[PDB]
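Read the single chain below, which is given as structure tokens and is the form deposited in one PDB entry.
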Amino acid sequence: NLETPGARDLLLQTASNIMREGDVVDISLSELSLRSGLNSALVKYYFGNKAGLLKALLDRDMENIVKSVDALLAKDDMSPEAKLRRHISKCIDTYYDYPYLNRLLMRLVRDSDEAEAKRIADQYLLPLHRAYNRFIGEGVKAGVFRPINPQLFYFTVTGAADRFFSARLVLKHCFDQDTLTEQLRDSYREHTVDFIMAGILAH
């Protein structure tokens, strides 16, 4: 087999775009072929079946959040407050691009065989949970953060961004209220980072 660079990525971005433009978390392989211009066999070649493509889409979309959690424990010169503000900003940027991400995670947990559903849930419900827990714990011990459950905190950040971007996209698509301007999204990220930080910061 002779590799064709870019093809796998095109299939994943096309699936993403269909979902995002459609306010859905499902695609047909026939619409994927029509929109990408690539034939049926390529999905099977790269991903095996639709479940494989969706799992690869989830893996891809989650990369920046996973990296942001790993950066929490990096030896840089950033305070715990600065590091957390950056992690929340990354999550938000991710849901702007992939607002369907929580729903995609849920359907794959729901529909996969048990062993696979467990691997997905264990990986992505709270990404790199040992790192996340250690960062929050450290911050509590240092008097920077009030005691909080990291899983709940992550649900709060990601739930909030999902709500906002999903709503704004639905309104854009229904009423042609293109509102997701750079000025609005920056206002959103700032307000939301501030709210979430106020939620966690001690005293």
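Residues that one form lacks are left out of the comparison. One rule holds for the numbers: they count along the sequence shown, beginning at 1. If you superpose the two forms and keep the largest set of C-alpha atoms that fall within 1.5 Å, you have the rigid core.
Missing here is the form deposited in another entry; even so, the following discussion is about that form.
Once you line up the core between the shown form and the other one, the Cα of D9 stays within less than 2 Å of where it was. A movement of the C-alpha atom of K55 falling short of 2 angstroms is seen between the shown form and the other one when the two forms are aligned on their rigid core. Put the two forms on the same core and the Cα of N102 is off by less than 2 Å between the shown form and the other one. The pair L101 and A161 is tighter in the other entry: their Cα-Cα distance falls by no less than 3 Å compared with this form. In the other entry, the CA atoms of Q183 and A15 draw together by 3 angstroms or more relative to this form. In a core-based superposition, a mobile segment is defined as at least three consecutive common residues whose CA atoms each shift by 2 Å or more; between the shown form and the other one, such segments span 112-114, 121-129, 160-162, 164-166, 168-195.
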